[PDB]
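Asker: Attaching a single structure in structure tokens format; questions to follow.
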Amino acid sequence: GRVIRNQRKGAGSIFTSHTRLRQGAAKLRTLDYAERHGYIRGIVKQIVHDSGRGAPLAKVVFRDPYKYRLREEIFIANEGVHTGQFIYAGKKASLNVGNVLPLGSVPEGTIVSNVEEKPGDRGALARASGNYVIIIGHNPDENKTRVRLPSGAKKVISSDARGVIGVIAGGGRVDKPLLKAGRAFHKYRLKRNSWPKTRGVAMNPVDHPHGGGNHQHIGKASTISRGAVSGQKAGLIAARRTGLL
Amino acid sequence: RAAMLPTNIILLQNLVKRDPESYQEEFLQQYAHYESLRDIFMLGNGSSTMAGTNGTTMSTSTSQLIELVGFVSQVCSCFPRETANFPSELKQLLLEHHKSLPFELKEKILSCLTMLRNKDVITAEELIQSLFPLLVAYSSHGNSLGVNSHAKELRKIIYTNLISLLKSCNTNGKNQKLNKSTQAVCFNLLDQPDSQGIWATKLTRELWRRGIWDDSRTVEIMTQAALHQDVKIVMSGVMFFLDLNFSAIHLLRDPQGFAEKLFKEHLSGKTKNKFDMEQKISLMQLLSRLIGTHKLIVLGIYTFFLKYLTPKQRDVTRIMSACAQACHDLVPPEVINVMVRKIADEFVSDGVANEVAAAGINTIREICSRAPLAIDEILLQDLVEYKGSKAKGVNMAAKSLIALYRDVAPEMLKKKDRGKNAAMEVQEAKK
RNA sequence: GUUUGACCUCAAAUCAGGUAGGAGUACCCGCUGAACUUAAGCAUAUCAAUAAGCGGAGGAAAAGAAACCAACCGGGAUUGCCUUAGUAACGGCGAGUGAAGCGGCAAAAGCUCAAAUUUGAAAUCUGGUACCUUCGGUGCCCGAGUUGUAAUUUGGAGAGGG
RNA sequence: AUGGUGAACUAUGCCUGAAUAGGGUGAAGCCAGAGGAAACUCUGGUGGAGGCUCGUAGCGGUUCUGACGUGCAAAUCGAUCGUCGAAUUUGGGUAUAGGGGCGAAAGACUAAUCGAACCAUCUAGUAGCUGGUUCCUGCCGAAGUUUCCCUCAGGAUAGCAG
RNA sequence: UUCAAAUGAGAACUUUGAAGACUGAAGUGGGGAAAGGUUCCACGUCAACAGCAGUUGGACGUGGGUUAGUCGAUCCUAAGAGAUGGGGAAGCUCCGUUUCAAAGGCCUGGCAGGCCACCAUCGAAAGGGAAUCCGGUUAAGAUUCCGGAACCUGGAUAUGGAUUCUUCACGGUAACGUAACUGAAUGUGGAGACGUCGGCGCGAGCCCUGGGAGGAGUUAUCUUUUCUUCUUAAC
RNA sequence: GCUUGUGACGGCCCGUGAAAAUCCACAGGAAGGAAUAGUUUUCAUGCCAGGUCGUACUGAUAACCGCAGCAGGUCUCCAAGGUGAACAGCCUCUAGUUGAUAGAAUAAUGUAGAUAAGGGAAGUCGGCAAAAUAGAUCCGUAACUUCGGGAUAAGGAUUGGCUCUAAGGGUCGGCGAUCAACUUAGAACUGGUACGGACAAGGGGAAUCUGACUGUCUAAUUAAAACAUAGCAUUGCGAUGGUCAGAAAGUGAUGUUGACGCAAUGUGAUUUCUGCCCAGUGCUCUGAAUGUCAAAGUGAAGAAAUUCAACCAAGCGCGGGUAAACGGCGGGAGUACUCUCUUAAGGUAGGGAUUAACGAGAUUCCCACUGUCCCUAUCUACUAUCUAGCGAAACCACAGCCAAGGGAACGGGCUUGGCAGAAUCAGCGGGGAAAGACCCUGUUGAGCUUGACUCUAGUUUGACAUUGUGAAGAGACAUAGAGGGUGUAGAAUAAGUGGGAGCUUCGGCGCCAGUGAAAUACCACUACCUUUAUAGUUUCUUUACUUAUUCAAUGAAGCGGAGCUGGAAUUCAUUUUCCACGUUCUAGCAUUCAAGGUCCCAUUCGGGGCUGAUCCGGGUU
RNA sequence: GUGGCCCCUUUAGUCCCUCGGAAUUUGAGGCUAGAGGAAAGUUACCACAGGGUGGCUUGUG
RNA sequence: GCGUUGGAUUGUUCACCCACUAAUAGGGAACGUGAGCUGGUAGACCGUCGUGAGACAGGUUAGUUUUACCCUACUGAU
């Protein structure tokens with residue numbers, strides 16, 4: 001048989017991301033003495049757009065303490081920040097939107113974004129548009145902190161891990177229909193080559209497990225296993241269930 | 001996914017089984033719903049009547065409770081608090097209503113109790129008191145005659161679940177405290193003379209076959225069943241002692257008195273005429289196979305057979321094959337002579353057919369293989385007449401009798417039949 | 001003495017002087033490694049411990065002076081030829097595969113380290129430099145080296161003491 | 001099978017650049033007037049939206065008992081037709097290499113080669129069946145179930161002749 | 001397509017002239033990129049080729065011809081390619097492009113004290129980019145040569161000018177202005193540097209057109225007539 | 001007015017539309033500089049130099065690629081006048097070309113066009129093809145409709161030329177003077193067979209099936225109801241990760257990513273509909289014990305090789321979930337059969353179905369129109385034809401008149417007959433030329449599929465090694481022990497079997513007495529069941545440490561502990577915890593070993609130290 | 001009158017042979033005598049090599 | 001000997017229908033394998049079957065052979 005599309009996706013010839021017009025990798029400030037003990041102030045200069053991304057970014061300028069110079073970080077903007085705003089980042093920072101704090105300092109019930117799975121990760125969770133995590137409780141002994149993620153899962157992580165207050169901007173982006181193939185074309189033009197998607201049923205047997213037949217059908221049971229391997233995993237990888245909910 | 005997670009239980013339980021210190025509020029959010037649901041369930045095509053249902057569509061409340069019961073039964077071990085009364089709620093949901101619950105919910109609770117007993121949350125001593133009372137209630141004849149009562153299916157489910165329970169309990173070592181307790185309920189069911197010992201016999205046979213209840217205490221139960229008045233209980237006992245018999249005969253307390261009581265109660269005593277022929281024959285088989293094996297003496301058997309020993313009678317080849325099985329070396333051969341002379345008068349007489357004569361001779365020679373001095377030389381010769389009979393049934397039959405008496409009493413045979421070694425043995429031993 | 005030095009380890013130089021690469025590759029030393037074919041079709045098998053591919057040398061290479069063959073009245077490094085032998089043996093015991101000792105011959109060749117206290121004298125060696133009779137010698141000066149350079153000894157023997 | 005060469009055509013992605021008359025319809029926003037208590041409505045204008053439309057260049061390639069058929073041409077010529085401001089057309093640079101790539105998916109395209117490219121070697125590969133097999137004369141001279149290996153079957157044999 | 005003449009042994013096909021037509025500014029024109037490589041131009045010149053012909057030719061034989069501080073490459077980086085250090089791999093070689101390196105360049109005053117922080121290289125003759133225009137000239141070369149007139153970079157530098165005894169300028173309320181009017185480390189900002197369509201405005205060139213000064217053509221009748229020249233570069 | 005450049009604006013985006021080199025300015029103020037004279041080369045002038053390579057020509061119906069001087073293909077700039085909406089079509093100016101084998105005739109058949117009386121689809125599988133319509137102004141425009149369209153719907157009145165009228169503007173003057181363009185409406189007259197006079201340029205309508213649409217593909221026979229599409233639904237994944245690569249790697253794509261995301265599938269706009277089954281096959285479950293149960297490891301026998309037994313992970317088996325998973329289509333009860341009754345895929349209403357637009361998609365009918373046809377005729381151009389020059393190809397056993405016969409149903413050759421006169425030109429397509437599919441077979445070649453066979457990458461679970469330092473518990477081997485038995489009756493809870501009528505502390509008692517299949521004292525046998533202890537033997541679970549190992553980050557910057565210091569803080573006498581001297585109205589600034597204080601030297605135009613800024617540490621975090 | 005009318009499994013060897021440097025004991029191999037008895041489909045997307053009238057009838061069951 | 005038609009019907013025609021007509025007769029030379037011109041493999045969909053690749057009880061749709069210039073015959077011409 002042939003090698004199939006998902007197997008070809010791993011080499012990364014024509015499936016690499018399209019990264020020319022991206023403003024830069026969005027990240028939090030590196031964990032330093034200031035963020036660990038007190039706070040530090042920066043100025044948000046520009047609220048800007050990032051190609052291939054629905055959420056906007058913010059350019060935040062901070063003052064290097066060890067040398068006389070300026071350092072520009074690229075944050076993911078939360079809903080409500082504005083140019084000329086002061087962003088306070090650290091342990092002793094106040095509880096306002098856009099500020100960066102550790103999860104142990106804040107109380108439970110608060111809303112944060114761009115959370116680090118571990119301290120020094122510089123942003124892992126709640127980065128897409130309209131997304132947020134909710135702190136539900138702390139455990140100061142054994143220092144840990146329990147959070148709820150956008151998928152609904154509940155996790156426990158270090159209280160020294162950081163996050164930025166508020167909701168990521170750009171919400172509602174998926175409530176608008178596209179109505180046209182051209183808008184999907186231009187959307188994925190800047191993300192990657194995962195569009196259009198031909199159906200495996202419409203191919204020959206060399207090209208897919210689902211291919212073949214005088215009628216467009218699958219010969220079996222679209223729930224594949226998890227111990228399957230590299231050419232068998234067509235659809236519904238490890239389905240605990242199927243059907244409408 | 002977050003808003004749908006409360007609706008998706010299969011993902012919730014896999015998440016809870018990982019980190020159950022989290023997902024406390026997610027569990028309370030469902031336990032409250034389960035409580036509010038059980039608090040509810042606690043309490044035709046004609047032109048006139050309301051339309052009926054197909055039997056497979058259900059309510060959205062029941063479809064939710066059936067899911068919540070499984071979720072709570074699978075995470076009770078993670079949340080021992082807030083679930084301590086859950087199995088008692090299930091138990092008093094079952095054995096106080098029995099009827100305001102749909103069959104799917106009943107089945108779900110019955111399986112959740114079984115897995116809650118597989119895990120050591122619940123004990124067998126309190127699961128038995130849930131399972132047994134439902135059998136008698138769904139074998140009621142008044143509960144099983146609704147519109148869509150699933151009484152037969154429930155009676156099968158509870159039965160196989162009891163079997164799984166006892167198989168579970170008797171794996172490592174035999175839980176005598178449990179077996180001795182649930183044999184007492186079989187005894188106390190067989191007392192109730194209507195039909196309720198069915199669920200004792202049908203269960204003890206299964207456990208004997210699975211080898212879980214090899215004990216002297218159990219064979220007494222089936223003895224009492226065989227000595228019962230109900231036909232479908234007596235038959236269960238008889239077919240147990242049959243299954244050629246099984247090792248249970250070697251755990252009886254008095255086989256002779258057992259056979260005597262059987263022959264007196266069922267067949268001869270009152271002549272109630274309850275059993276049909278197909279059951280009378282199975283009783284005869286048991287009696288004769290006990291008798292021949294254990295050297296018993298009743299002497300009424302051998303006149304009871306004579307009514308039925310006629311070729312114009314229904315399925316006589318089974319009766320006469322049990323006639324021989326009640327013969328010995330140690331019984332008065334006159335009461336068997338009358339039997340042999342009935343058979344000879346009615347099966348190898350004038351004009352009879354080939355199959356009839358062959359059946360007669362074949363069932364006489366296998367009598368004489370146990371009771372050799374039960375027919376005399378004068379009729380022995382009359383029957384070895386039929387050696388060269390041209391029919392190939394009677395010849396094969398007569399040769400068997402000749403070879404039987406060639407090794408046992410060859411002087412009854414004539415010189416023509418003593419085959420080269422019986423005659424030589426007689427010639428040396430006659431001088 | 002929070003100073004001044006010795007050693008050890010690791011580096012740097014367009015430092016002084018040399019060295020490797022690549023080609024050819026008939027033969028040679030290894031590594032890696034197929035299928036066509038033949039077996040009935042074919043997984044064992046055969047083609048084959050082959051072809052292709054990789055690394056590495058020389059005028060020859062490799063091997064080589066027994067941890068050998070033997071069971072004899074004992075032979076006596078290695079290599080090659082005649083023969084042993086299409087044999088012993090291996091194998092769907094099929095297709096097929098398949099050596100070795102002995103004997104005759106060609107050519108002939110033996111040896112070296114470590115392990116031993118010079119301990120009454122590191123006796124050893126590279127380089128730099130000045131002369132010379134320059135494929136090298138003598139002197140002198142930095143250095144290597146005792147965590148062992150020379151002489152002496154290699155199992156056939158051999159050493160020390162007399 | 002082994003080892004190698006190809007994205008100058010063509011498939012797809014990326015980078016950097018370029019090209020695309022004249023008309024028809026007339027969306028949001030806006031101006032005035034009339035009717036209103038006011039929600040708002042009606043009329044006349046403005047404006048110039050659209051993976052709209054007619055239709056050039058351009059891109060494609062529907063139909064013709066079309067021309068040609070050793071043709072201008074190893075796919076062309078004519079007329080007719082689809083589309084024509086965008087999922088558009090295109091140059092150069094770049095990436096993906098063979099049981100691999102790419103594919104808006106026809107098993108399509110991958111240098112006139114694709115249900116597995118091209119080059120060389122293993123290789124005088126091989127079944128099966130076909131075709132052919134080179135001077136004269138003389139003498140002798142046939143054969144077609146007779147018996148069988150898992151039925152065809154390629155065979156092994158009886159008999160015939162030298 | 002035609003007529004005459006010339007050339008020549010020979011002219012339907014060459015040259016000139018006289019006619020008639022065609023492409024009809026989305027050209028049968030004038031220039032370029034890729035590719036080609038002297039095919040360009042001249043002098044001789046017909047054996048073969050130009051599916052007839054041939055005195056002709058992109059043919060044959062021999063020569064000539066391509067001039068740059070300003071046009072380009074060169075430089076920069078784009079997608080991307082690719083060494084080193086290190087790590088794999090029997091190995092031909094693979095990974096990856098700042099990595100887990102002691103990766104080098106500045107100051108002050110038997111070398112002593114300080115400061116800086118960072119990755120080879122390649123990759124566009126349509127992207128970015130310092131600076132030249134006119135006229136004339138050749139058989140064939142030109143934004144390259146000739147004449148004339150300018151500009152950019154880099155370097156050494158003298159004079160004048162400006163400033164200064166209130167040492168590193170004044171004016172203007174201000175927006176800001178001027179011939180200038182010191183400035184190391186370090187830091188910051190800007191330019192380079194950017195989509196597409198719609199209509200509106202402004203400019204250049206072209207189109208159309210009038211009077212006048214010249215030349216040509218028609219004139220059988222008419223037409224103060226039809227056509228044409230009257231231009232102004234970089235800086 | 002055309003082309004082009006430019007400016008300020010507006011609209012569009014789940015699209016917001018390169019980087020670097022290079023240049024400048026600003027902040028800052030190290031520093032150096034005038035007085036009897038300096039400073040400034042960002043003002044003006046003046047001086048010197050600028051290397052290497054390319055540079056001709058074509059850029060195409062003859063300079064490139066197609067075997068070629070091939071009607072094919074191949075990127076781009078400039079672009080005049082008229083008609084006309086127009087870079088359309090037609091004619092012309094500048095510039096260029098006049099190249100493509102010629103001459104004579106005008107037969108048929110052809111190729112490319114054109115016209116035709118009356119009838120108008122009688123033709124034909126089929127109105128194929130052709131014809132007809134066509135531009136602009138005005139009137140008018142149905143069903144249906146996703147209310148946006150359908151729609152140029154349809155169907156009708158007109159169009160020339162000439163002479164006029166009216167209206168539509170700008171600049172200056174305290175309504176006039178002056179200047180200028182083409183836009184429309186209207187009237188009169190006039191020629192006509194024709195007036196969008198050539199060119200140019202929709203045929204329309206009533207319905208059906210189908211896919212929503214725009215778009216894409218089989219280069220070189222299939223452009224479509226196929227693919228894609230937006231929309232719809234499902235699944236996996238919270239980074240120690242999901243999906244996918246790589247021989248390996250201190251290796252990679254998604255990923256400059258983070259659930260409004262990535263990956264994997266199916267369906268295929270909107271509207272309407274969307275009922276039930278987890279028996280089966282798949283998928284899944286942090287699913288007990290028992291069963292099956294590999295290697296290592298353990299025990300027994302033996303002189304040993306070996307043999308046996310026990311233990312034995314995952315997986316299987318077992319039982320729970322799931323159908324916008326493949327399947328599939330009823331349920332229950334009473335005695336597979338047989339009787340019974342519920343069937344909730346019920347139309348919610350008798351307004352339940354009258355249902356767009358788009359399409360080189362498949363189909364029928366009507367109007368109009370015609371040489372499709374009756375029924376053919378005529379004309380034009382290039383060929384054919386003849387001539388000068390040039391000059392192939394296919395095919396070819398030998399050849400070439402017919403009939404009958406034999407014959408493989410079938411002769412040009414043989415037999416018997418009919419006949420038979422040179423050499424030839426133009427035509428024709430009957431035969432010969434003379435060069436197909438379909439069917440079958442190989443014990444074939446390849447492609448594809450599957451619980452066909454043998455294998456395998458990958459993945460998964462177990463053992464060993466890497467692998468070191470501590471502790472606490474549970475189970476088992478193995479011995480030593482200790483006790484036990486309710487179906488009923490019987491005084492009583494009878495393993496069972498065999499001997500029988502006392503050893504006697506008591507003569508309690510055992511025998512003789514019921515009842516029971518079996519009879520109990522007393523003493524032996526050998527079955528099961530349950531518990532007590534650990535010489536030892538082992539196995540297993542949990543937990544601690546860090547230096548191996550592993551992961552990530554950085555500028556390897558602030559780590560760990562301190563009567564630290566100073567504050568409070570609440571204590572039950574002395575602590576324990578918080579803080580720390582550092583920063584939160586504001587789109588500013590923060591840099592020269594850091595000023596100051598303090599000790600010493602030198603008096604210099606300034607140097608050095610402590611402190612400002614707590615101490616220690618063999619761990620960068 | 002010496003009867004009747006038609007090839008891969010396993011066991012055992014007195015004092016059987018061998019295990020090739022000698023022996024003993026286990027095992028193994030022989031020769032005897034006994035007892036038993038590897039593998040499924042599809043191809044129209046395809047490719048290759050080969051092969052392929054007896055004068056017959058008529059209108060009447 | 002001479003004539004033996006024109007048309008309708010493809011949810012089909014191994015045929016039938018109504019008209020005109022003097023009449024609207026039957027057949028062969030092909031169909032005793034296969035031979036002018038015209039209707040009646042590759043792509044795609046629905047149905048039946050198949051675990052599946054695919055096949056079919058089907059049905060619908062779209063879908064490139066191209067002489068004669070040679071001999072003979074025939075027709076006309078020397």
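In the structure tokens, each chain is lettered A, B, ... as it comes, each chain's residues begin at 1, and ligands are numbered from 1 in order of appearance.
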Could you pull the residues within 8 Å of region 244-251 of chain B, counting only C-alpha atoms (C1' of nucleotides), minus those fewer than 6 positions along the same chain, as a list in words?

Answerer: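 Contacts, with the query itself left out: residues 215, 216, 219 and 289 of chain B.
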
Asker: Residues of region 40-229 of chain A classed as strand (DSSP E or B) by DSSP on the backbone are to be reported as a ChimeraX atom specification.

Answerer: /A:40-48,57-63,70-76,78,86-90,100-102,111-113,115,125,133-139,144-148,154-158,162-165,168

Asker: Just to be explicit: take each residue in the selection above, keep C-alpha atoms, and write the result as an mmCIF file, in the first residue's frame.

Answerer:
data_model
loop_
_atom_site.group_PDB
_atom_site.id
_atom_site.type_symbol
_atom_site.label_atom_id
_atom_site.label_comp_id
_atom_site.auth_asym_id
_atom_site.auth_seq_id
_atom_site.Cartn_x
_atom_site.Cartn_y
_atom_site.Cartn_z
ATOM 1 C CA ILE A 40 8.165 45.190 38.704
ATOM 2 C CA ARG A 41 6.401 47.718 36.496
ATOM 3 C CA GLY A 42 6.143 47.874 32.730
ATOM 4 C CA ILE A 43 4.277 49.945 30.160
ATOM 5 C CA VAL A 44 2.049 48.439 27.469
ATOM 6 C CA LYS A 45 2.921 50.259 24.249
ATOM 7 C CA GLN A 46 0.905 48.535 21.513
ATOM 8 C CA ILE A 47 -2.075 46.227 21.243
ATOM 9 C CA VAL A 48 -1.361 44.375 18.030
ATOM 10 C CA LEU A 57 -0.962 40.531 21.623
ATOM 11 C CA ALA A 58 0.452 43.300 23.787
ATOM 12 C CA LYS A 59 3.960 44.719 23.655
ATOM 13 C CA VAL A 60 5.051 45.375 27.247
ATOM 14 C CA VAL A 61 8.274 47.270 27.940
ATOM 15 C CA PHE A 62 10.154 46.607 31.181
ATOM 16 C CA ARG A 63 13.307 48.097 32.669
ATOM 17 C CA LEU A 70 14.828 48.332 28.036
ATOM 18 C CA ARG A 71 13.412 44.871 27.327
ATOM 19 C CA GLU A 72 10.221 44.224 25.364
ATOM 20 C CA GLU A 73 8.094 41.188 26.209
ATOM 21 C CA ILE A 74 5.212 39.939 24.068
ATOM 22 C CA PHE A 75 2.192 39.070 26.210
ATOM 23 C CA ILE A 76 -1.191 37.774 25.132
ATOM 24 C CA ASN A 78 -6.466 40.140 28.194
ATOM 25 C CA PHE A 86 1.023 49.975 33.699
ATOM 26 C CA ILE A 87 1.499 46.231 34.155
ATOM 27 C CA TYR A 88 2.724 45.129 37.584
ATOM 28 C CA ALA A 89 4.281 41.657 37.664
ATOM 29 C CA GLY A 90 5.435 39.724 40.700
ATOM 30 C CA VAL A 100 1.038 38.937 36.676
ATOM 31 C CA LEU A 101 0.951 37.108 40.008
ATOM 32 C CA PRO A 102 1.627 33.654 41.437
ATOM 33 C CA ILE A 111 -9.875 34.448 36.966
ATOM 34 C CA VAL A 112 -6.429 34.217 35.360
ATOM 35 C CA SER A 113 -4.882 33.422 31.987
ATOM 36 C CA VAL A 115 -0.863 30.096 33.346
ATOM 37 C CA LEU A 125 -2.592 27.352 29.699
ATOM 38 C CA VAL A 133 -8.846 29.071 34.289
ATOM 39 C CA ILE A 134 -10.494 29.327 37.705
ATOM 40 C CA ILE A 135 -8.666 28.867 40.995
ATOM 41 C CA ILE A 136 -10.857 26.893 43.399
ATOM 42 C CA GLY A 137 -8.601 26.306 46.408
ATOM 43 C CA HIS A 138 -5.122 26.466 47.886
ATOM 44 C CA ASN A 139 -3.147 24.105 50.106
ATOM 45 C CA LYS A 144 -0.081 23.477 45.775
ATOM 46 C CA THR A 145 -3.072 25.121 44.129
ATOM 47 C CA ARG A 146 -6.139 23.627 42.452
ATOM 48 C CA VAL A 147 -7.396 25.102 39.178
ATOM 49 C CA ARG A 148 -10.115 24.346 36.640
ATOM 50 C CA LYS A 154 -9.293 20.066 37.408
ATOM 51 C CA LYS A 155 -5.552 20.109 38.029
ATOM 52 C CA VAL A 156 -3.229 20.726 40.975
ATOM 53 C CA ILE A 157 0.030 22.615 40.409
ATOM 54 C CA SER A 158 2.670 24.650 42.200
ATOM 55 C CA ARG A 162 2.312 32.355 37.540
ATOM 56 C CA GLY A 163 -0.664 33.704 35.652
ATOM 57 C CA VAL A 164 -2.091 36.960 34.341
ATOM 58 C CA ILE A 165 -5.415 38.253 35.613
ATOM 59 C CA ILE A 168 -7.865 36.388 26.959
#

Asker: Just the residues within 8 Å of residue 16 (chain D), please, counting only C-alpha atoms (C1' of nucleotides), with nothing from its chain fewer than 2 positions along; format it as number ranges by chain.

Answerer: D: 93; E: 78, 124, 127

Asker: Write the residues you've just listed into a file as a PDB file, in the first residue's frame, and include N, CA and C atoms (P, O5', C5', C4', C3', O3' and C1' of nucleotides) for each of them.

Answerer:
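Final output, result-v1.pdb:
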ATOM      1  P     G D  93      15.045  29.608 -10.801  1.00  0.00           P
ATOM      2  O5'   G D  93      15.013  30.050  -9.274  1.00  0.00           O
ATOM      3  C5'   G D  93      15.973  30.962  -8.770  1.00  0.00           C
ATOM      4  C4'   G D  93      15.838  31.153  -7.283  1.00  0.00           C
ATOM      5  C3'   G D  93      15.795  29.889  -6.446  1.00  0.00           C
ATOM      6  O3'   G D  93      17.067  29.319  -6.211  1.00  0.00           O
ATOM      7  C1'   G D  93      14.066  31.324  -5.762  1.00  0.00           C
TER       8        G D  93
ATOM      9  P     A E  78      17.435  35.804   6.942  1.00  0.00           P
ATOM     10  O5'   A E  78      16.297  35.870   5.829  1.00  0.00           O
ATOM     11  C5'   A E  78      15.104  36.592   6.079  1.00  0.00           C
ATOM     12  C4'   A E  78      14.039  36.346   5.041  1.00  0.00           C
ATOM     13  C3'   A E  78      13.758  34.906   4.658  1.00  0.00           C
ATOM     14  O3'   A E  78      12.964  34.238   5.623  1.00  0.00           O
ATOM     15  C1'   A E  78      13.779  36.274   2.725  1.00  0.00           C
ATOM     16  P     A E 124      21.744  35.297  -4.434  1.00  0.00           P
ATOM     17  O5'   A E 124      20.584  35.967  -5.286  1.00  0.00           O
ATOM     18  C5'   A E 124      19.749  35.174  -6.119  1.00  0.00           C
ATOM     19  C4'   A E 124      18.506  35.916  -6.529  1.00  0.00           C
ATOM     20  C3'   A E 124      18.747  37.309  -7.109  1.00  0.00           C
ATOM     21  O3'   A E 124      17.812  37.578  -8.155  1.00  0.00           O
ATOM     22  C1'   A E 124      17.342  37.471  -5.223  1.00  0.00           C
ATOM     23  P     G E 127      13.774  44.197  -8.112  1.00  0.00           P
ATOM     24  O5'   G E 127      13.344  43.893  -6.613  1.00  0.00           O
ATOM     25  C5'   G E 127      11.976  43.896  -6.239  1.00  0.00           C
ATOM     26  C4'   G E 127      11.816  43.706  -4.753  1.00  0.00           C
ATOM     27  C3'   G E 127      12.660  44.629  -3.887  1.00  0.00           C
ATOM     28  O3'   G E 127      12.038  45.884  -3.669  1.00  0.00           O
ATOM     29  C1'   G E 127      12.967  42.399  -3.182  1.00  0.00           C
TER      30        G E 127
END

Asker: Distance cut-off 8 Å, counting only C-alpha atoms (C1' of nucleotides) - which residues of chain H neighbour chain A? Return them as an NGL selection string.

Answerer: :H and (51-54)

Asker: Enumerate, as a VMD selection string, the complete set of residues in region 12-240 of chain A that a backbone-based DSSP assignment places in alpha helix (DSSP H).

Answerer: chain A and resid 33 to 37 181 to 191

Asker: Keeping only C-alpha atoms, take the residues you just selected and write them out as an mmCIF file, in the first residue's frame.

Answerer:
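For reference, again33.cif as written:
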data_model
loop_
_atom_site.group_PDB
_atom_site.id
_atom_site.type_symbol
_atom_site.label_atom_id
_atom_site.label_comp_id
_atom_site.auth_asym_id
_atom_site.auth_seq_id
_atom_site.Cartn_x
_atom_site.Cartn_y
_atom_site.Cartn_z
ATOM 1 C CA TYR A 33 14.481 37.946 41.785
ATOM 2 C CA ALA A 34 12.060 40.846 41.309
ATOM 3 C CA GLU A 35 9.109 38.635 40.363
ATOM 4 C CA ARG A 36 10.039 36.234 43.167
ATOM 5 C CA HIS A 37 10.282 38.731 46.029
ATOM 6 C CA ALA A 181 -14.533 28.379 1.290
ATOM 7 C CA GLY A 182 -12.409 31.476 0.734
ATOM 8 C CA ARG A 183 -12.410 32.542 4.360
ATOM 9 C CA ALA A 184 -11.253 29.088 5.448
ATOM 10 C CA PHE A 185 -8.659 29.258 2.660
ATOM 11 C CA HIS A 186 -7.306 32.542 4.011
ATOM 12 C CA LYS A 187 -7.539 31.302 7.602
ATOM 13 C CA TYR A 188 -5.408 28.208 7.045
ATOM 14 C CA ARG A 189 -3.133 30.039 4.580
ATOM 15 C CA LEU A 190 -1.535 31.614 7.645
ATOM 16 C CA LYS A 191 -1.754 28.592 9.980
#

Asker: To one decimal place in Å, what is the distance between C1' of residue 59 (chain C) and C1' of residue 111 (chain C)?

Answerer: 24.9 Å
